[PDB]
């Protein structure tokens, strides 16, 4: 920042990704070409909308986001060859959960075992699917570094895979992690970490807390949570989270997320439940968790709830690394592979090295 001007929209309410001096200029140029450098448009729903209207809107927004991320995601392929296979498992309640299993070509149960990432994709726990091109690309790029990556096709609160409120998606992620943990020799894996971004960061964090609650925490060796979407407080502007106003309408408007909270928790009864919104965890909830990495984006309205959770994990005694990825809007290092490849692959390499460090 600068001593006479607070950053972002705290210092200049008209600022956008396109005019913020902090934006990586390659990302700013790509967003400008896509029409997404200006402040995000006003959504037709908000936290005052009825749940059914929030569900309907989310189901419509899913296609728009999938189109954008499909463009960014599907223009290339990993530098090392990767195999992808599908497996269907049974969730605790009897539903079928599809898993996309990515691994280096030639990896078998007879190879030397590789570290494993159980990947929980973003979309606010409400929209997007593991089969989407950006998430398939991400899992394959991780696999190409020498990993087995398991993409969980969990139930969503809305959209094509809806409509399943909390805790459906969490249970699917947890059951997928338990299946991976019970199939280490068949998968040819050494260690298991949870990782995902935004809503998937929430799910990766919450899955690990659920493992603690259910007594199988020992199966999870670590968590790499990117730009976690974990407070649920997007309707308001808690003083504790200035980034919500500093970077509002940078890619995401906070009214949109306030509306997308409702499909996840239609009754609102889980607003302070740490399994739904990990930001609300107590120190006792976080005690004993395995090592964490929290990686936030600089120009992201969610930045400060991720950093707050990093600090609480440390206060609870969890081994935690905290990283800001500069120059990026929300989750940009997960998708803009053609525009900021060095940033994208820096994050891929960081996740992979962390996974290896846990084996």
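Residue numbers count along the first chain shown, from 1.
The question of which stretch, 34-42 or 302-310, has the higher mean Cα B factor is settled in favour of 34-42. The mean Cα B-factor in the deposited entry runs higher for 282-290 than for the other of 199-207 and 282-290. Which of 59, 297, 320, 67 has the largest Cα B-factor in the deposited entry comes down to 59.
Note on 138, 277, 264, 234: the highest value goes to 234, judged by CA B factor as recorded. Compared with the other modelled residues of the chain, the Cα B-factor recorded for residue 338 ranks in the highest third. Residue 225: CA B factor in the lowest third of modelled residues in this chain (values from the PDB entry). Per the deposited record, the Cα B-factor of residue 177 falls in the lowest third when ranked against the other modelled residues of its chain.
The entry lists a Cα temperature factor for residue 244 that places it in the middle third of the chain's modelled residues. The entry lists a Cα temperature factor for residue 121 that places it in the lowest third of the chain's modelled residues.
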